[PDB]
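Trainee: this block holds the first chain(s) of the complex, placed as they are in the complex; more will follow:
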Amino acid sequence: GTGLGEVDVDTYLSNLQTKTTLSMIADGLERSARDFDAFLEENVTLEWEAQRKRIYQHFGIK
């Protein structure tokens, strides 16, 4: 208990529990974003990738 970072075993493994929970939160967010990205990639790749952007490039002020 003299090197920087030394903390009680209680704090050490409780911070572990919190770390695992936060990693779960981030993992779920990441995969959700990617799974969604894959959904619209399926829907858009089938046709009109550039036409869909151009039509509103024009409708509103470019």
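Mentor: Right, received. Where do you want to start? Residues are numbered from 1 along each chain as shown, chains lettered A, B, ... in the order given.

Trainee: gap between the residue nearest the centre of chain A and residue A:36?
Mentor: Nearest to the mean C-alpha position of chain A, counting by CA atoms, centre = their mean, stands residue A:30 at 2.8 Å. For residue A:30, the distance to residue A:36 equals 11 Å [CB to CB, to the nearest Å]. The C-beta positions use only the backbone N, C-alpha and C, and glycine is treated the same way.

Trainee: tell me which element the residue nearest to the centre of chain A falls in.
Mentor: Here residue A:30, judged by DSSP states H and E, is contained in helix A:9-45.

Trainee: following that helix, which helix or strand comes up?
Mentor: By DSSP H and E, the next helix or strand past helix A:9-45 is helix A:50-59.

Trainee: relative to helix A:9-45, how tilted is that following helix?
Mentor: Comparing the axes of helix A:50-59 and helix A:9-45 via axes from the mean of the first three to the mean of the last three CA atoms, to 10 degrees yields an angle of 90 degrees.

Trainee: which outside residues touch helix A:50-59?
Mentor: For helix A:50-59, contacts defined as CB atoms under 8 Å, 6 or more residues apart in numbering pick out residue A:44.

Trainee: for it, list the C-alpha coordinates in CSV.
Mentor: Only the C-alpha atoms of helix A:50-59 are listed here, as CSV (Å, rounded to 0.1, in the frame of the first residue of the first chain):
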residue,chain,number,x,y,z
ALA,A,50,-27.1,9.2,-55.7
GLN,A,51,-30.6,10.2,-56.9
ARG,A,52,-31.9,10.4,-53.3
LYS,A,53,-29.2,12.8,-52.3
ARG,A,54,-29.4,14.9,-55.5
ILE,A,55,-33.2,15.5,-55.4
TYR,A,56,-32.9,17.4,-52.1
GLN,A,57,-29.5,18.9,-53.0
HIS,A,58,-31.8,20.8,-55.4
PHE,A,59,-35.1,21.1,-53.6
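
Trainee: following sequence is chain B, place it on the structure:
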Amino acid sequence: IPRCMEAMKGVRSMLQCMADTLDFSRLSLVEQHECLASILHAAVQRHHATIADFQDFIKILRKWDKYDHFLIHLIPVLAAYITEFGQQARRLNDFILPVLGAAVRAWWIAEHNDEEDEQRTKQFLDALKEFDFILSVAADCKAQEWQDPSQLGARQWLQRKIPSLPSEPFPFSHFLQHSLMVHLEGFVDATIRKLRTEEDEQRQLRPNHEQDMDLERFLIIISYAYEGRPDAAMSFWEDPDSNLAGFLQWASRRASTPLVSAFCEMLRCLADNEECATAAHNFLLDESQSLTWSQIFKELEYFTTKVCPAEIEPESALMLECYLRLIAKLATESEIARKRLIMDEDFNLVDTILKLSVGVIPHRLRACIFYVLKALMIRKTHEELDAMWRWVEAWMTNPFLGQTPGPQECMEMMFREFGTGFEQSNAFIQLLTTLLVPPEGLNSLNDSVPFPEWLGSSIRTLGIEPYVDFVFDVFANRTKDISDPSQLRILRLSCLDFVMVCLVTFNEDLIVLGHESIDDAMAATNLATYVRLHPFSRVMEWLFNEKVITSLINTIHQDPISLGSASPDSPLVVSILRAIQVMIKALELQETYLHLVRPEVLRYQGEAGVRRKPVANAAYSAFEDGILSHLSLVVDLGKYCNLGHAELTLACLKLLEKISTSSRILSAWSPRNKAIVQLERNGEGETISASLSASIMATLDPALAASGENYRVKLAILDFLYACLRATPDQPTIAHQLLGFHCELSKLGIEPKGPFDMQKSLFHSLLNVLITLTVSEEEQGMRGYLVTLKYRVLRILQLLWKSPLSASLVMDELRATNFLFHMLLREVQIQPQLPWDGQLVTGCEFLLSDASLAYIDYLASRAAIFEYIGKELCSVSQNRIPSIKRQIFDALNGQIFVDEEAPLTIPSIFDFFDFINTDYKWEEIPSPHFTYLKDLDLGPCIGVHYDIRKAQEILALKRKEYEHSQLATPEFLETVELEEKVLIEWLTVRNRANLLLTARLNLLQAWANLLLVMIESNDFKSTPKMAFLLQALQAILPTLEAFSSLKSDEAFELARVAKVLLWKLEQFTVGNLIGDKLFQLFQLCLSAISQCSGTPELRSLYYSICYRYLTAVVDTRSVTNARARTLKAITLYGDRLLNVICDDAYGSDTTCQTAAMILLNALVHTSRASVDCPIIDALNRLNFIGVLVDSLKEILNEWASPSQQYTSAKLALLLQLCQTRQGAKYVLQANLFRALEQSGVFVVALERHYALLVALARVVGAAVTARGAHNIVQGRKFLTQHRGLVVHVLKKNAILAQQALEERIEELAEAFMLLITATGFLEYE
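Mentor: If we add chain B to the chains shown above, we get the following:
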């Protein structure tokens, strides 16, 4: 033989030249000489002694000059020579300080024996004229160092021309005393009509010149000889016609005052057993007249009238003293004698001796009367108790200046005269003590008041308080007048014994019961009557008086060398022991007294108006306040622990425990610190630490294990240390000092070169015994006492290294000593077949045997060990990366590489995980029938932890209560006894069951934390890591799946270790068994969630487990089969599981609802990956989507914050639902747009706000594009009603935080563009 003579002569020459380390040398050499004399008379008793060695020995005696112990050592040798030899006999007869020679002549004449007989008589009387030596030897040889007050002066009134032996303390051997008394028995038998006639006629003719008083000396020789030996004294009572019975009939015919005194002393010594006492009692009954009880009581009456100048002659006073001593002996020894004497009016013992006591008589005669009364009341009945108390009342109240003296003045006179002298004081106080001993027995229910209640009503004498006040006034004020230390110690012993007999009979259970929740329940008339009349009320008051406290600590504080060198049974030790015991009992019953007794007494005395002198010190609000002033007490106790007296050591240790635990004393001593500096005054703090260390490393006796003096002292020391450390743990105390730590102001260090710094202190002694003890014996596995001992030591160490002050040092020293490796080495693993003191576990039925405690203790031991390991590993890992982690991990795997050739094998940590075998079913125990006493209350008794003492007292008093009513007493009683035993049996079982469960949970928490620290803090590679986690799963899973139904506390620990294990994630076999175990876990988690088990936190862990098992494991024929069986398992439970998860969402717990939201998201995702979804249909039926859309309202209020991530998961679930057709439909059906419009929702903070808008826009877009043209109108209205915002974003999109924000803007622009084109807002223009 001659070599022995030479050795003895050498020893004597050495001891004589040395006198002209040293004391111990003199003692050892005199002991050697006594052993040599013992061996010499042992040989002479055998046929080896020759004819010449006899002459040589008699020649050495002829040459002997000084009366010394060495001479006494040779008396058995001479007696054996004379017995063997005494033609050879005649020659040796003729062959035979001067008094020695005379005694030798007399001995031979008695052992070997008309002209011859005349010569024998002539020379025998010549030797006698010149017994005094024989008597002086018999007395000096057997001389106990402590004087018995009951027989003072007895056998010590004859003129002794012999010179007193020197002052050297050479104590004779017990066996040598026995041998000499055997030889004197033979001499008496050999010797057994001219002496009596000569001496008595010489007395009458010339009484002024007393001379030739040898027959009395002979009787005292008989007394000393047959003393203590009733088996040998039976020769006087075995046969009536024998010569010994004839001698007794002859010596008792005539009554010459000195001869009668000697004869009564002889009887007192002979009648030493119940049979010998009954025989003597019968002799004096006579049912040529011998001395009978009639004559004795006649003379008692005669002298009684004489005293009331008119003062008894010294010889007559001695005669009376011998009479009363013989009375006391025959009364204590025999029941028949006491019963006959106490109330056979013809004798009228009590009345006559009381009258004699009133008159003017010596201190000793009055003391003898008191001792006779004590003997009459040693055993008694409540009827005899009342009778004796009535007679004492009449004798104290009534046995001139004005008209008359009152009765209370009479009692004050009686009390003031007594206590001035030592003998009167001791005898009277011991009589009082004996009277306050209930006839039933000291330790019993003790409902009654020890004395008759009416002792006070008459003449307003306040019951017994006068007698208690007298004893205390003697103990304090009038004991100052005593000078001889031995008498002072005996008197203080008697006083403290009186105080103890008072404080014992006070049953506090009755008082606490009556106060919390009367007439007939207890044998006493009323509860308040028992409270006030009992001496306890008064005794406690005294114990608060300063003089009493001073006298106590004066009794305790004595000379240490004289104390240690004294006998354990001598008053010097017993007095200190009783003083300590009085202090302990005061500290115990203080709480009862101050709150439940003192108020009642102060209220009754005000109501009744009566009053008495208040002796308690008004400044002392608590017993402690009186002893904390002078600190020297703690030093004395610690030093006395070193004297090797078991009882005294234990008492001192318990008193130290209570002195240090109390709030008052600790508050007064340490606001540097008094107790420590006091132990440091003359360097005592170290010598008692050393003594305690040697005490806790003393050997043990396997046969005497639980009841072992060394073992009990060990437990006492450990209990003292633990109790002192538990109270005030974060500050230095007595225990910390005694262990070896250097105590600075609120800081602990180690003084260099001291005991601790060199591994010699008490702490290292604890470690040594802890690592070297072999807990499990081979024959009977797991001996309980060693288990308990290990627990005591481990909990001491645990409290030590838990506190922050001690932590650092204790942990460092434990690491330096390889403590862990030794512990893991000697820790046996539990198995079902392992017998605990010869008893298998066999489920709940094992808790009742004391071995149960051992099991519990061992669990605690295990827990403590594991806790250290965890800390150690963690503390090793964080500060640096030494090579110790490798050793720790190897030892946890069953290998220690301290020895390089072969690493010893230990059960692996997972093999150690055997304490949980749920087959026992400890928790579920049956409840008894209780046909009788069906609803006997257990309120005073008290998770639920009963106090069996109060329960048992309830049972006892309820049995008495029921007995009094008299309803089926003779027959139905046996069933009541059975009921009582069944009840207390079940209570103990319930207490131990609850304690075992607590220990098991605590051990499991320790084990789970240990494994958790291992998992994170490790340096494994992948290949060993996978197999390591497989072992972990193999260990924890069978429990977590089978026990999920039982309880929750353990399930939480096992569930979270499983969670972290799964989250921190040849090769095929390992990975397959892992996936197999992971599927087992998934199924058990599903089964637990479907049954709404445990608290929301355990369900959050389950949800985290299930979420990752679906996100990573399942998500290629193997993958398809895994997904198929996973969906099968989910569908098996179906609606219930989804119902519980949806209920958990939007709930009280913060993380449970978040985990449930994320789990539902993963569920629907994995069900889609398998055009609709059944999980989404179920959610729609359970109204989860409805309430979810509703919660979308007021979303601005909710939105790193926990609520922020919960909303993030909530919106992610909404998005994943709106992806599909029917999902988006069910979402849209429940007025989604209205919900989000009512919400009014339309660098890092801006990034989070844009992320919320992105999530919402994505939900809207997915829902619109999913179903079709039924909601495109809603999308057009949403874009037109919130236009400009879309323009703002699309114009904007066309360092780290800035890149994140710009990406979020790009995503929001993409979302609005997607919604626009999918809805066709261009077509509307």
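
Trainee: with chain B now part of the structure, what is the answer for the contacts of helix A:50-59?
Mentor: Residues outside helix A:50-59 that contact it (CB atoms under 8 Å, 6 or more residues apart in numbering or on different chains) are A:44, B:1290, B:1313, B:1314, B:1316, B:1317, B:1322.

Trainee: show me what contacts the second one?
Mentor: For residue B:1290, the contacting residues are A:56, A:60, B:1309, B:1312, B:1313, by CB under 8 Å, 6+ apart.

Trainee: again, only this time at 10 Å
Mentor: Residue B:1290 is in contact with A:56, A:57, A:59, A:60, A:61, B:1305, B:1308, B:1309, B:1310, B:1312, B:1313, B:1316, counting by CB atoms under 10 Å, 6 or more residues apart in numbering or on different chains.

Trainee: can you list those residues in a markdown table and add distance to residue B:1166 and neighbour count?
Mentor: Shown next, in a markdown table, are those (distance: CB to CB, whole Å; neighbours: other CB atoms under 10 Å in any protein chain shown):
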| residue | distance to residue B:1166 | neighbour count |
| --- | --- | --- |
| A:56 | 36 | 18 |
| A:57 | 39 | 14 |
| A:59 | 40 | 13 |
| A:60 | 40 | 12 |
| A:61 | 45 | 9 |
| B:1305 | 32 | 21 |
| B:1308 | 29 | 25 |
| B:1309 | 31 | 21 |
| B:1310 | 27 | 20 |
| B:1312 | 30 | 25 |
| B:1313 | 30 | 20 |
| B:1316 | 32 | 22 |
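
Trainee: and residue B:229, how far from chain A?
Mentor: 70 Å (CB to the nearest CB, to the nearest Å).

Trainee: residue B:259 now?
Mentor: 87 Å.

Trainee: swap in residue B:1253?
Mentor: Relative to chain A, residue B:1253 is positioned 15 Å away (CB to the nearest CB).

Trainee: shouldn't that residue be in contact with residue B:1289?
Mentor: Yes - using CB atoms under 10 Å as the test, residue B:1253 is close enough to residue B:1289 to be in contact (8.5 Å).

Trainee: good, we can wrap up now.
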